[PDB]
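Residue numbers (the authors' numbering), protein chains in the order written: chain E, 38 to 133; chain A, 37 to 133; chain F, 22 to 101; chain B, 17 to 101; chain D, 27 to 122; chain H, 27 to 122; chain C, 10 to 118; chain G, 10 to 118; chain W, 166 to 363, 377 to 430, 443 to 634.
Each residue gets a CB set at the ideal place from its N, CA and C atoms; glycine is no exception.
Some notes on the structure that comes next.
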Amino acid sequence: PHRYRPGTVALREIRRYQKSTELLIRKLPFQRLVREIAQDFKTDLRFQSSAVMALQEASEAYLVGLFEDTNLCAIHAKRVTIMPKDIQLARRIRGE
Amino acid sequence: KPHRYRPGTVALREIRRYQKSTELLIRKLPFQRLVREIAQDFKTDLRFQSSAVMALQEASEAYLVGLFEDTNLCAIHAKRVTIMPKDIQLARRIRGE
Amino acid sequence: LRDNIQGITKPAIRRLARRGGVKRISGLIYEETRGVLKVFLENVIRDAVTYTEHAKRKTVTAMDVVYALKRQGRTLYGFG
Amino acid sequence: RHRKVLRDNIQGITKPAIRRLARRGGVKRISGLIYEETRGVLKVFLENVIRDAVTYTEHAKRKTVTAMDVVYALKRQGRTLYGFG
Amino acid sequence: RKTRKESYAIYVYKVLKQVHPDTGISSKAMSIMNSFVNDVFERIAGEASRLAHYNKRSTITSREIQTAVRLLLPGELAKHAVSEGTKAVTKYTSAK
Amino acid sequence: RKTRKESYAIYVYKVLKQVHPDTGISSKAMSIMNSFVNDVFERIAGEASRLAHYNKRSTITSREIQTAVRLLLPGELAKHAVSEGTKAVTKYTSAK
Amino acid sequence: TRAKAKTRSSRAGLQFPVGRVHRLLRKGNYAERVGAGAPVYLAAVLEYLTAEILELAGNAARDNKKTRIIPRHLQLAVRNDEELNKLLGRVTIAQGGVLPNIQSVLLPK
Amino acid sequence: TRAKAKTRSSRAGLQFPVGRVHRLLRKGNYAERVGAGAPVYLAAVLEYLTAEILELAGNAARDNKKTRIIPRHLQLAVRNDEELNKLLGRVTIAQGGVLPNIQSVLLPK
Amino acid sequence: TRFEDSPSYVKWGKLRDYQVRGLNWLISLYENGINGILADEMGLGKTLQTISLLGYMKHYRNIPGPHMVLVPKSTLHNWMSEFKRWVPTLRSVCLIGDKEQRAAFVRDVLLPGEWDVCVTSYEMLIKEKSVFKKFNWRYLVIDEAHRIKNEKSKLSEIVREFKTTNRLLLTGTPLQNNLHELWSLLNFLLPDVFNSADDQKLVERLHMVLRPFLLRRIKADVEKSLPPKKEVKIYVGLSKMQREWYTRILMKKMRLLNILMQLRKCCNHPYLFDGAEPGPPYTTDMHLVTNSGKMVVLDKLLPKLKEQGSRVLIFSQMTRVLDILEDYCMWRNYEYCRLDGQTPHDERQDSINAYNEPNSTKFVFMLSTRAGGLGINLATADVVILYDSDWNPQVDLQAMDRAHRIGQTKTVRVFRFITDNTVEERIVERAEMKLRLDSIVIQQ
DNA sequence: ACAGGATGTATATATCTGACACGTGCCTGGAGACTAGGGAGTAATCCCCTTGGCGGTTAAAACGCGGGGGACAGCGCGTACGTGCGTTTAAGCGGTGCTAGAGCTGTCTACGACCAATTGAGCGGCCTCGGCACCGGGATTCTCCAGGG
DNA sequence: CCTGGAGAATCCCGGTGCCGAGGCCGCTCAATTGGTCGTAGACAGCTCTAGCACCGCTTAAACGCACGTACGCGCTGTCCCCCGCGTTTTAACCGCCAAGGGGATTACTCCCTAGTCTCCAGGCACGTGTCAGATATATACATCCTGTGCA
Ligand SMILES: Nc1ncnc2c1ncn2[C@@H]1O[C@H](COP(=O)(O)OP(=O)(O)OP(=O)(O)O)[C@@H](O)[C@H]1O
């Protein structure tokens, strides 16, 4: 039975997702997360749909940029796999 | 026979000394000449107040010290002790310059 | 509402990493990503709720979100 | 005939000075190639700041760059400096 | 009818017809362009306001706008934008 | 006789006497404190201005100042500062 | 009597509203007074920047075998020009995506 | 006749210049109108922030045993405090130095 | 009103009537408690008078207390030699060296206080101000008094912070620029008197008020030696390349901030500039001589002086002119002597006397305008050639009368080469304004 | 694994000085008292847009399994950097001389604010149609064994 | 150790529906035109401060050099952890409907803020003296490092 090597499918998916332009998280779970986070600051809030869409867009962009910086860190450390320590170094040099 | 410190103790004491101190480390006249040479590019016949060059020097020292801090963090990330031009470039790339 | 940070599934984090350009992902990445997402979202949502409270509304608007993001330094084009 | 150029002003900032800067940063071992890179980075930073300050001085219709002009340029760049105005 | 909402949309469309005669735009892209125009206006106007305050003056003028353009735009864009603004002011002075 | 300059030095020294009776300040430190007060004033006033423009109002009020403080300060500082400002306005409105 | 109203935009030969920019400057609380040439200068600058970005976006849209400019085309145009990237370095464009780049290490041997 | 002039700072129990703050607000081009309580609120907030930083700096100066405050003490106070570090994260204090820290990997053992 | 003959305590003392009368004048000034200025220009000599004054204060009423002399480093061993020659009774101590040498000297000699006269330089004075202030000073002598001509100067403030019972200023040219610096000198002399800064309003009042506590004689009318000087200003028009260089600089990358300074040394040698020089130093040849008008003038004057005395002089104001002239001297197979701040002090100073020789057959002696000190026994000189004039006529006067020592028994000549349609004409105009002011205020 | 020595460093004391805290005179902006006008508070009404339920479809996530590639530790080397020393250099402090240029006053004028009348430019609403999305089918291309080279 | 088939994956290509982009229309509000006024700012004149260029002397710093030693950097081996794939389960997605909350608008009223005038007291520049900080000097301590016995 035909089987691909470990890394061909990853590169194909990289090309696919860097070509596409749609959101990569499930809308209902993200919406429930937003409502849960909003529960703390004020009780019984209401949201416009565009507000949740904009929040999801900003979250996706932030995570994509962070992962790119993490990949640069991991390549710097002579690796291919990213790690929590890579993410932490990226955040520290960004300014968090 | 003459007393000699091992390679890395004088460096640590210099780290402590210059982290306790506060004065500027670059030399005033070389820095001022550099500033005037750079200003030549944008406009001719420029004068400088004394406070202007000092403010420029303060900003340059702060920027370079922070850059070296981030460089040290990168070098430790690669499990080295020495800093490298690639460490500097990674620091600048992540900071966004 | 509780236990909704787990709705951010591992396949979604993998897709985001693939768009970032990473090929191999460690097992401990996902909890870290959930944490960093929660921190970012909490900052933005707090600022948006402050704007909405000043407006004396009960609905959070796209303009509120955009204003909060502009304050953070992460301007967003498209929604206002 | 005894006349020639003295030096280059970017070499005015020296290896020991860069070493002191690295010591304040917290560095122990320094590669030999770090100094050219640091000179280039410093040149870039000063170029940007001095360009903005010269623009401010030109708008004010002065021929003297002032500490206020430098502070305004630094605030534009996002590097606010306290202690000069 | 409802209230009115100002936009730069018609002017953006006219400029688009100037540059690419046989091309069109979508509503989302027009919203992005409107936001971009508002952002650039805000940056230039705020910089000019700070310049007027620094020089201890009370009028925003073409010199203030030009200095703000030089401060904000990088390199070639600054050069060409200054040229275009000077041309427009010359035409307005002549044809007033 | 040299022209005059407006500084916060007298008030900074009064607050210093209030918080540490037998302690002093130097000229450079006073300049830094002056710059700090100016910067915080700029940030809060600009945030209040933008809030008033967002809500379509022409007057900056204590509500705008409170919201700007909540936006610009991080947490414990914001809470204590809100308490301080509310106390001050209450005392001002008490008989004046 | 009075002549036909000629817009200041047509007087300066601009496609952007000089009078509207003047009103936004007056009611934006930037300064107590606004000069006559400032709206003209600002409208010209805005027109040039818009034309630049729309030209790059149109070329990108043509390369994709389409005739409508979408946020993907806008993002590609912005991120493929260094000066416009520096201008919009902190800006996120909705439904834009990312540039295709894969670091050469990850490419198989 | 006229009543004795009581300063608004005295009325509100502040040691910051409420009238000067009001004049700065009116001449700073922040809006068209300014409320009565806005300068009072702003002066009180400025007083709180100044008092906090001065207390921390005085504690640091006493730790180093100097009865005067210098920019080094100001920087030591601003750092070592998370809230003030967030506030002044992108601010350089002239001749204020750096926090003493050495990475544990460099430490000899 | 004192002894009319030579003192009995001075060895080899051949001081004349003017010197003995000046010593009597200083003695009487001490008696009446007024501190004065000894304004003898060069010839009468003031070091001898000061040494005799101190010897009088010692070998008469018992005040051998702490006395101070401030001299430049260029005259230190000269003053020591004079003290050891004329009056060896005093135990003078010379205070020179780095931190450790200063500490050793002060601890081993100064603190025990076996000394009588302390001789130091201005720089070492500023260095050891604090350790000096503790000693109560009975007599402070400041040579070259124009050094403290400026108030709010560090030397002036420090020397005023000293506690001296008596004071004495030594200067050969009391007036340099204006009346404010002369007022500063008078203020140091007597601070409680000339508290206020202020031909009938000026000149005469200053002469009348200076007469009680100032003395100045003239070498011509006192010595009857030192035959007069014939001064010639030769007007030399700059050649075509010099004119076009002057125009291209005046009308206009290269930094041109100080138009006056940059336009100046251009008439002297337009190739001191950086980046405007011709190609790399392929060789040393006829490039220096031909390309400067002053150079061609001096080069055509030189063979006459060679066929004649050939021991004349060189004077210029720029160290780069000095260096290029050194290179020219070596190219022309001539020999010179060098005096400048860069050359080691103690070893240059004795080198000067060493080079002082009855015969050298080397045809060149090169000096800078301000490098001239207080000694330099160049009695072999005959003409003074001024490449360019300085703002102060007093500096030029010092430069010209440095070679006018008494060792000089033949009339000395002054030659000036002047560039027309340049800044040299104004410089000359200011200089003559200042010189006329000094002459009317002092000599008249 | 300790002794001892040789660096370096923190501490306690004595001197000196220049910057800070205070005082004084003066003046310019803030407070006290009034006016008028429009900006915001308040109530009421409308309608749209958010929430909530509900069922069916199907893609996506969770789960398990096997194997191969990459992380990580260990080892060896040979080189580039830290350390100390003797020599040179130019930075820092002090003086000089000069002048451009920043800063303040006085005067007048031309440019922007303001007001009223007018009109066409832009905005909401509406209809229609071609560009785009989707779909399926066939042609081209990349990847992975396995094998005889 | 290079070719050559298989086999997925991708691209290409024609056809079908749909819905949002582009055009057109009526209406109204914001921009234009014309005239007046009062202040910001342009311009000239004058003052004096601060910047520029240079020299002299001292000395701290920089520079060049030699020596050894940690340290960076390849190489190897182990093994574990992550990837690719098949299967089952779960929940998102989509369409539809109903109901109410709350955002948005309008008219009305009044209260707060701007604008003026008067005058007086806080705050600023200037001058001055004393004390806190800088510096030097000699203890006392702490820390590093190597050498010697005997673990
Ligand atoms: N022993 C002496 N016999 C005669 N005259 C002497 C003697 N010593 C000095 N002089 C006089 O001093 C003049 C110059 O001597 P010298 O160079 O020693 O003076 P100086 O100390 O440099 O003078 P100053 O500084 O006062 O101008 C001589 O021309 C002569 O008149």
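- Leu98/D and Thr71/B do not touch by the CB rule: their CB atoms are close to 10 Å apart, not below 8 Å.
- For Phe84/A, the secondary structure class from DSSP, reduced to helix, strand or coil, is strand.
- Straight across, the Cα-Cα distance linking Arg35/C with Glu56/C is about 20 Å.
- With the rule of 3 Cβ pairs closer than 8 Å, the segment 37-54 of chain F counts as touching the segment 116-123 of chain E.
- Under DSSP, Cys283/W shares a beta bridge with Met233/W and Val258/W.
- Straight-line spacing of the CA atoms in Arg92/F and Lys15/C works out to 41 Å.
- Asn64/D and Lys75/G have their C-alpha atoms some 53 Å from each other.
- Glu537/W is classed as exposed because its beta carbon has fewer than 16 other beta carbons within 10 Å across all chains shown.
- Taking the Cα positions, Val21/B is about 34 Å away from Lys77/B.
- Considering only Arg42/A, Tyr54/A and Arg40/A, the residue with the shortest C-alpha distance to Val107/G is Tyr54/A.
- Where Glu64/C is concerned, the enclosing alpha helix (DSSP H) starts and stops at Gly46 to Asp72.
- Against chain G, the CB of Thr87/H has a partner CB under 7 Å away; the residue lies at that interface.
- By the criterion of at least three beta-carbon pairs nearer than 8 Å, the segment 40-55 of chain H is not in contact with the segment 76-90 of chain C.
- Proximity of chain G to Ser53/H at the Cβ level (cut-off 9 Å) is not reached, the minimal Cβ distance being about 10 Å.
- For the 7 Å CB-CB criterion, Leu63/G and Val115/H do not form a contact.
- Its chain contains no residue whose beta carbon lies nearer than 6 Å to that of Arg116/E once the 5 sequence neighbours on both sides are disregarded.
- Less than 7 Å divides the Cβ of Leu191/W from the Cβ of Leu218/W.
- Within chain H, the residues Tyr37 have their CB atoms less than 7 Å from the CB of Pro26/G, given in chain order.
- For the segment 443-456 of chain W, the set of positions with a beta-carbon nearer than 8 Å to some beta-carbon of chain A reads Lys443, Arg445, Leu446 and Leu447 in chain order.
- Considering only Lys319/W, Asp475/W, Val185/W and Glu206/W, the residue with the shortest C-alpha distance to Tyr221/W is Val185/W.
- Taking a Cβ-Cβ threshold of 7 Å, the residues of chain E close to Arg67/F are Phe78, in chain order.
- Of the heavy atoms belonging to ligand 1, none sits nearer than 6 Å to the Cβ of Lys402/W.
- Under a criterion of Cβ atoms nearer than 9 Å, the residues of chain A adjacent to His113/E are, in order, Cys110, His113, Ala114, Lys122, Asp123 and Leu126.
- Between the alpha carbons of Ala107/H and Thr29/H lies a distance of about 35 Å.
- In this structure, the straight-line span from the alpha carbon of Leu37/F to that of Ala104/D is close to 36 Å.
- Residue environment for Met429/W: exposed (fewer than 16 other C-beta atoms within 10 angstroms of its C-beta).
- Per DSSP, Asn331/W is one residue of the beta strand (DSSP E) stretching across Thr329 to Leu335.
- Contact between the segment 18-33 of chain B and the segment 83-99 of chain F is absent, with fewer than three C-beta pairs closer than 8 Å.
- Per DSSP, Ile91/H has no beta-bridge partner at all.
- Of the heavy atoms belonging to ligand 1, none sits nearer than 6 Å to the Cβ of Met245/W.
- Judged by DSSP secondary structure, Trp251/W falls within the alpha helix (DSSP H) whose first and last residues are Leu241 to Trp251.
- The criterion of a C-beta distance shorter than 7 Å is not satisfied by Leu93/C and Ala66/C.
- The segment 610-626 of chain W and the segment 506-513 of chain W do not touch, with fewer than 3 CB-CB distances between them shorter than 8 Å.
- Listed by position along chain A, the residues whose Cβ is nearer than 7 Å to that of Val107/G are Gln55 and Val101.
- The three-state secondary structure of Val387/W, taken from DSSP, is helix.
- Contact between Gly41/B and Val101/A holds: their C-beta atoms lie close to 5 Å from each other, under 8 Å.
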